[PDB]
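Spelled out from the first residue to the last, the chains are:
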Amino acid sequence: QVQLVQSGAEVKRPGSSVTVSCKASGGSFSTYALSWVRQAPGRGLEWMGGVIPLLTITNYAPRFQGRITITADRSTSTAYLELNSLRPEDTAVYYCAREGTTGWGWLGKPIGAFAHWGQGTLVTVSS
Amino acid sequence: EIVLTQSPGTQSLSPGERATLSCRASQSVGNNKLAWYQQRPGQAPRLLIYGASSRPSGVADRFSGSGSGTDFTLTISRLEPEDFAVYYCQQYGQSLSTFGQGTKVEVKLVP
């Protein structure tokens, strides 16, 4: 039932900002997290941070904190990743992924595992 | 961070064969909070294993997770064409989640 759909590929100039969106549908009404994961071309996966939309709680990986902003709109179950000032190194596919809650009940710490993924959003830094 | 080391980085195998994939952790992974992901070309990662050995609904039982502490293993039996992909481990035993660098399971072609 759970599906994550991301906004489409974007091309951006250096120094510009871009915002990628991840919309979740299905699942239970719960304190799930939407996390962002980077994959550079030919390279591996890296966790950037995440947000629990129900509670407006955000969580960053330290190596990304200074250069990104993660937010959510809880009424549309949509999470957002803003890359604030783009460099060539920022060219990558950005994935959203959903962490479910643990145990009985709608309200709990998100598990760290990613059972559901968006299709990815390619961000290409031109110039 | 917990550094996760998957080696070797590439393994060359044939269909029908068993693959063993290792993930080693620079520190103990708490409560065996270790996941495995399969990523086929062009596609998003797909969760194969969580809690070290637990298999989500809809994942074939030829995928098996084992291990604990700092030493974890994914075993894939009867490699099917579909199983040639990159495989990643991930620890979430600390709030700073990290991934391994990936192991490519690729078809062994006689050179």
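Residues numbered from 1 in each chain as written, not as in the entry; some residues may be left out. Chains lettered and ligands numbered in written order. Heavy atoms only, no water. Residues with missing side-chain atoms left out of burial classes, pairs and counts.

Per the deposited record, determination of this structure is attributed to X-ray crystallography, with the resolution reported as 2.39 Å.

Per the PDB entry, chain B is named 4E10 Fv light chain, and its organism is Homo sapiens. In the PDB, the structure is listed with the title "The structure of the unbound form of anti-HIV antibody 4E10 Fv".

The PDB entry annotates chain A as 4E10 Fv heavy chain of Homo sapiens.

**Observations concerning the state of the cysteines**
Our working definition: By disulfide we mean two sulfur atoms from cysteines, separated by a distance within 2.5 Å. Secondary structure elements follow DSSP: runs of H or I of four or more residues count as helices, runs of E of two or more count as strands, with numbering from the N terminus. Note on exposure labels: buried denotes an accessible area under 20% of the residue type's maximum, exposed denotes more than 50%, and partly exposed covers the range between, all computed with a 1.4 Å probe on protein chains only.
Inspection of the entire model under this criterion finds two disulfides over all chains. The disulfide partner of A:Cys22 is A:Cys96, and the S-S distance across this bridge is 2.0 Å. Around the S-S axis, the bridge from A:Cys22 to A:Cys96 shows a dihedral of about -75° and counts as left-handed. Note that A:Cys22 is positioned in strand β3 (residues 18-25) and A:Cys96 in strand β9 (residues 92-99), a separation of 74 residues in sequence. Side by side, A:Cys22 and A:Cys96 carry an identical accessibility label, which is buried. The disulfide partner of B:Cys23 is B:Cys89, and the gap between their sulfur atoms is 2.1 Å. Of note, the bridge from B:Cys23 to B:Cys89 carries an S-S torsion of about 70° and is right-handed in sense. Taken as a pair, B:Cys23 in strand β3 (residues 19-25) and B:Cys89 in strand β8 (residues 86-91) lie far apart in primary sequence, 66 residues in all. Pair check on accessibility: B:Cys23 and B:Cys89 agree, each one buried.

**So, the interface of chain A and chain B**
Heads up, the rule is: Throughout, a contact is declared for two residues whenever any of their heavy atoms are within 4.5 Å. Residues are grouped as follows: nonpolar covers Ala, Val, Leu, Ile, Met, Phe, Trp, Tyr, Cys and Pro; charged covers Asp, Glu, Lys and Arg; every other residue, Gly included, is treated as polar.
If you look at the interface, chain A gives 17 residues, while chain B gives 15 residues. Only β4 (33-39) and β5 (45-52) of chain A provide two or more residues apiece to the side of chain A that touches chain B. For the side of chain A that touches chain B, the element with the most residues is β5(A), which contributes three residues. Per-class residue counts for the side of chain A that touches chain B are ten nonpolar, five polar and two charged.

**Quick look at unusual backbone geometry**
Among all residues save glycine, negative phi is the norm, and among peptide bonds the norm is trans. With an omega of 0°, the peptide bond running from B:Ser7 to B:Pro8 counts as cis. Non-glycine residue A:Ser77 carries a positive phi angle of around 50°. A positive phi angle, close to 55°, is found at B:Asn31, a residue other than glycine. Tracing the sequence through the fold places B:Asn31 in the loop between β3 and β4 (34-39).

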